[PDB]
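> I'd like to ask some things about the structure below.
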Amino acid sequence: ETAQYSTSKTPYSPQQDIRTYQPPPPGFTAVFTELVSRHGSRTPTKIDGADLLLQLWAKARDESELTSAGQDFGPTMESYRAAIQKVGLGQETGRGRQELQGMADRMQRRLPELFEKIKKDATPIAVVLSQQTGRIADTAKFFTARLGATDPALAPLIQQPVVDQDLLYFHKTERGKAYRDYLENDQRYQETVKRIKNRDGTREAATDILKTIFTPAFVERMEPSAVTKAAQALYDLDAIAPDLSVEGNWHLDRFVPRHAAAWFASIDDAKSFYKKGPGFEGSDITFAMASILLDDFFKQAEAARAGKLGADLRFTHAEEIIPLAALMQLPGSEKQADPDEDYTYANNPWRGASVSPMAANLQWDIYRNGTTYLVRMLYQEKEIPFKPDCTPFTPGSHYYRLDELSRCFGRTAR
């Protein structure tokens, strides 16, 4: 566990040791692999919350309304702010680099026979991006540079990156138009978000957060709206602090009680569940747009039978991984909400931390024996089954015939 209450800011950790994956059936050897990964751990995209808190802190300091621990909040947040600005807002941290390096390491150690075959055949390793610059391009570079550092003979086969916004940025392209209209205009969705936001408990959690730093009287002198906003800002900065573990340790949990973090995490997860995840029973508005990416996993696997491509490496955002997982009914995303019963941690398994942590990723390994192609799926590098109407190669197996997967996803008849 890299973090307990950070939802989709949770830093990455592989969820299985590669030595415990099921081995491929006898005579099957790796011939293709393909990946889609969110960027690694990053800084906040905005600094305004840090300045809001630093301005509030300076006022309480001047009024002599700081707690004992609150004395150190100013220096702590100034230091944290400076580290964020030195990395750059919305940019990859040193932990994010380490995350992608680790994923590259385990891919090469998991499929040594594939990378030998790729060098034998001179087949390319494609690299595909959601956008041309930023944390996305750096994420890909962390991964591909590690592949080439471990195996310099692989480096000339790794292709220069290309951008495919329909494939890896669909929530912001034309594919996402109906989805965005739904968010803006659907009354049931708007009512549900409002209900989540108005859950009783935020005011108490917010005051519990501010009271680590400020006297109760200072907190009561604030406008309630300002209490909510400052507490949210501090929860957010505490939530993402683990992403910056390489840059420092600011012990921001001093200022966010655990019960308050748990509350704010449950609010974030509920909102994201409806905005981006499985959503309401019977509706695919939040994730049908991801069909192009599921399509592509199939398209590239079938192409690999044609011997063209060695591996396909794709890099994108949570806003692509989350809907892909709901569309595929991956573990954690298989349960849509009854409209008469709002999402809660008790009635639904969906969590940002497990569905879409930083460097959230899905991988398919394709193995061949004669004319038979088997697929094994890794999710956060845990070996997982496909949805239950897909039949494994043998009972209990995590390997699936590629033509069985095409059938059970409706691409073919049999």
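> In Å and on Cα atoms, what radius of gyration and Dmax does the chain show?
23.0, 78
> What does the convex hull of the Cα atoms of region 252-352 come to per residue, in Å³, rounded to a whole number?
Working: hull volume 12.4 nm³, N = 101.
Residue-normalised Cα hull volume stands at 122 Å³.
> Using the Cα centre of the chain as the reference point, and only Cβ charges (+1 on K/R, -1 on D/E), how large is the resulting charge dipole? Debye, rounded to the nearest 20.
Working: 52 positive and 56 negative charges, 199 e Å.
That gives a dipole near 960 debye.
> Tell me, what ³J(HN,Hα) does each residue in region 287-302 have, in order and in whole Hz, if you take phi through Karplus 6.51 cos²θ - 1.76 cosθ + 1.60 with θ = phi - 60° and put x for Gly and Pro?
Residue by residue, region 287-302 yields 9, 4, 4, 7, 4, 4, 7, 4, 3, 5, 4, 5, 4, 6, 4, 5 Hz.
> Here's a follow-up. Students often forget the sequence filter, so: which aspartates and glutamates lie under 14 Å Cα-Cα from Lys308 once same-chain residues fewer than 8 apart are removed?
Candidates past the 8-residue exclusion: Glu34, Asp121.
> Roughly what % of DSSP beta bridges within the chain run antiparallel, to the nearest 5?
Values: 24 of 39 bridges.
For the chain, the DSSP antiparallel bridge percentage is about 60.
> Follow-up question, since we're still on this one. Using the Cα atoms of region 1-122, I'd like the radius of gyration and the largest Cα-Cα distance, Dmax, both in angstrom.
When restricted to the Cα atoms of region 1-122, Rg and Dmax are 22.4, 75 Å.
> Between region 127-177 and region 329-370, what is the C-alpha centre distance in whole Å?
23 Å
> Determine, for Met103, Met222, the number of other Cβ atoms within 10 Å of each Cβ, and report the residues in order from fewest to most. Numbers along the way, then the final one.
Numbers: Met103 26, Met222 19.
Listing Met103, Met222 from fewest to most nearby Cβ atoms yields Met222, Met103.
> Hey, what angle do you get for helix 187-197 against the long axis of the chain, alpha-carbon based, 0 to 90 degrees rounded to 10?
Result, in degrees: 50.
> What residue among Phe73, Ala206, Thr93 has its Cα farthest toward the positive end of the dipole of region 18-409, where the charges are +1 on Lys, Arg and -1 on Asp, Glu, each on the Cβ?
Positive-end residue among those listed: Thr93.
> Please give the contour-minus-distance gain from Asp295 to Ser68: 0.36 nm per residue of separation, less the Cα-Cα distance, rounded to one decimal in nm. Could the numbers behind the result be given before it?
Numbers: separation 227, 0.36 × 227 = 81.72 nm, distance 5.70 nm.
So the chain would gain 76.0 nm between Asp295 and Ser68.
> Tell me, what HN-Hα J-couplings in whole Hz come from the Karplus equation 6.51 cos²θ - 1.76 cosθ + 1.60 at θ = phi - 60° for each residue of region 243-255, using x for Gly and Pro?
With the stated coefficients, region 243-255 comes to 4, 9, 4, 6, 7, x, 10, 9, 6, 6, 5, 3, 10 Hz.
> Then there's this: Sort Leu157, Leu89 by Cβ crowding within 10 Å, fewest neighbours at the top. Please report the intermediate quantities before stating the final value.
Values: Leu157 20, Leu89 12.
Neighbour counts put them in this order, fewest first: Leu89, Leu157.
> Further, regarding this structure: Pick out, from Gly332, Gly282, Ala58, the residue whose Cα sits farthest towards the positive end of the charge dipole of region 18-409, with +1 on the Cβ of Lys and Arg and -1 on the Cβ of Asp and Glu.
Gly332
> With every atom except the alpha carbons ignored, what do you get for Rg and Dmax of region 308-396, in angstroms?
Using the Cα atoms of region 308-396, the pair Rg, Dmax is 15.5, 52 Å.
> Over the chain, calculate the relative contact order: mean separation of alpha carbon pairs under 8 Å at least 6 apart, over the residue count, as a percent.
Numbers: 693 pairs, mean separation 117.3, N = 414.
After rounding, I find 28 percent.
> Note the angle between two axes, namely the Cα long axis of helix 112-121 and the longest principal axis of the Cα atoms of the chain, as a number of degrees from 0 to 90, rounded to the nearest 10.
Computed tilt is about 60 degrees.
> Grab the DSSP H runs of the chain that are 4 residues or longer, score each as -39,500 (n - 2.57), total them, divide by all residues and round the 222 nm result to the nearest 500 deg cm²/dmol. Could you put the intermediate results ahead of the total?
Numbers: 16 runs with 185 residues, N = 414.
Theoretical 222 nm ellipticity from helices: -13500 deg cm²/dmol.
> Any idea how far the Cα center of region 96-120 sits from the one of region 223-265, in Å?
35 Å
> If you count, for each residue, the other Cβ atoms within 10 Å and average over each peptide, how do 273-280, 80-87 line up from highest to lowest?
Values: 273-280: 23.5, 80-87: 16.8.
Answer by packing, highest mean first, reads 273-280, 80-87.
Virtual Cβ from ideal backbone geometry, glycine too; neighbours counted across all protein chains shown. Every read-out reported here was derived from the displayed coordinates using simple, explicitly stated rules and does not represent laboratory data.
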